[PDB]
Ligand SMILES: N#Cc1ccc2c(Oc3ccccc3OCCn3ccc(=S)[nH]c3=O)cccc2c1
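Heads up, the chain below is alone and in the form solved without the named molecule; it's given as structure tokens.
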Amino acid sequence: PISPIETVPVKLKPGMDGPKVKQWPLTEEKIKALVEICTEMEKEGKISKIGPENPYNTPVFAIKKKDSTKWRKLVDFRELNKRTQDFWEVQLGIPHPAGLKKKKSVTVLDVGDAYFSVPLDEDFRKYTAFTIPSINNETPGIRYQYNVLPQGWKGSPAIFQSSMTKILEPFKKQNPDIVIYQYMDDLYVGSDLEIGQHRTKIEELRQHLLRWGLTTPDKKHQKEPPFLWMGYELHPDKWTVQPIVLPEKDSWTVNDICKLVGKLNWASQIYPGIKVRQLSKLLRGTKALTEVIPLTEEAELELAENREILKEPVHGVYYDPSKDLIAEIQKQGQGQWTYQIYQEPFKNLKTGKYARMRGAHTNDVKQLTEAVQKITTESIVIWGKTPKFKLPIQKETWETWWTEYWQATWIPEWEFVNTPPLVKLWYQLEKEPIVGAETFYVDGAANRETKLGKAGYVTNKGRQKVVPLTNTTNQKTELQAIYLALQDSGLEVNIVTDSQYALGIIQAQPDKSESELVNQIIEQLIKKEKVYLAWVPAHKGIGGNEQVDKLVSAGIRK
């Protein structure tokens, strides 16, 4: 039957009226087809014939499943959806097997006719009016309207979900020791009761739901591990992600790449370390979808490594509350990062990967932080607890970094795990002006109306240099000057800029960047033995600054 839950009130967006969309004609066959379907639906309470005064309509056509040869009613709710008020979606994240606990007995159920069992707000119904055209030009079509949650309507998910929550609500207050993972119309139920006592509860539940219009068809797994749930197979002590086969196709259009990387990412959750930083860069560059792209071997390497892993069968385990969480990070190919979350050593719970790069110029200490931050949140989400970390960075490296960085930072409890490629700061600016090295007073400039400018140093030892540049800008140049001073220099030097932009990028102890100029500057830094930069308020006259200023403002200033 139809549920007796009070209906959730639905409005149209402010100032908007219902959909008045024309119905295209249909084949005499398609029509009579719909006519069957709708009469069944009308007889089942799902829809009801409507009056002439109803001015709305949303298209309806029918199509058949090639395998069944049976037709199905598809209603196109795009305009209603466009006009239907906003909701605050309540499905806040998808559950994960990793967070499940081991339970004595377990059952999974699925509700039948989910949406079609929940009443649609009495007042919103007229908008769902649709027409199934008359065999001909003869009579106005047959008008109908929805009395339940329409398939493909904007509010059916949020509303069925809330509805299901209210329904379970009482049953849960009376059975606080039976976990019920409620995902849309699927129910994972488990408890630590005896197969008997348990079944006597699972029955009690289905009954309660029936009383509410929710049917629990014999498409329920009873004492049936593997339990097929949310895309995984659940076994008593281990769980598996249902088989993941990647399109091993001949050629590769960008779109094919997405379908591959996405599939891989899905795998990153259980298959230890998956690199994708590789073939993913393919998408890069303004490519149109169908357009094929030459599968770089750099990318070929990935796929290779990847597939290799996916070949090896793995699994994960359930979470035991007493034994705290352990998350270990691994450093991968530059940019990439893998991790495994476990409680008992080689028994992983879940495995994932962090590969985003925040900022143009960055560095492995940062990325490691960024990695640890993500893992934390993801844990809070699955276990509501933060984990203990094992990181490839010695307490020492960290001590220096966080202690000297001007930004505040931290990492929750952890310990160093010796297992390279370890993370370490590659170079280090000096704290004091080193004596026994020149002092290259760098600088640079450019003209906004020409795209070109000069940029070079003027050391204390009367020395000069002034390379000309086109397609740059103060920032580019003042950053360029500092580059020269790093080549035209011994393994010890004092540099001096007037630019915070430049100084800032450097101090961050970057060890990778988006622009070469800086990758090359990082290169020069990891190569010295004593670099030291000091800053000076450009345009004031300070020491060897006027020098380089006029020297570079040559044909831009006075």
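For every residue, the number given is its place in the sequence shown, counted from 1.
There is another form of the same protein, the form deposited with the named molecule bound; it is not shown, and what comes next is about it.
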item: Pocket accessibility after superposing the named molecule in the bound PDB entry (3+ atoms within 2.4 Å of backbone/C-beta); value: blocked
item: Stretch from 120-128, 230-238, 285-293, 298-306 whose residues place a heavy atom within 4.5 Å of the named molecule in the bound PDB entry; value: 230-238
item: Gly273 within 4.5 Å of the named molecule in the bound PDB entry, heavy atoms; value: no
item: Close approach of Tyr188 to the named molecule in the bound PDB entry, 4.5 Å, heavy atom; value: yes
item: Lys102 within 4.5 Å of the named molecule in the bound PDB entry, heavy atoms; value: yes
item: In the bound PDB entry, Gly333 touching the named molecule (heavy atom, 4.5 Å); value: no
item: In the bound PDB entry, the one of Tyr181, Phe87, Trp402, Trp252 near the named molecule [non-hydrogen atom within 4.5 angstroms]; value: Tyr181
item: The named molecule: the contacting residue among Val106, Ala437, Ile202, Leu486 in the bound PDB entry [heavy atom, 4.5 Å]; value: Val106
item: Residues from 308-338 in contact with the named molecule (non-hydrogen atom within 4.5 Å) in the bound PDB entry; value: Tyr318
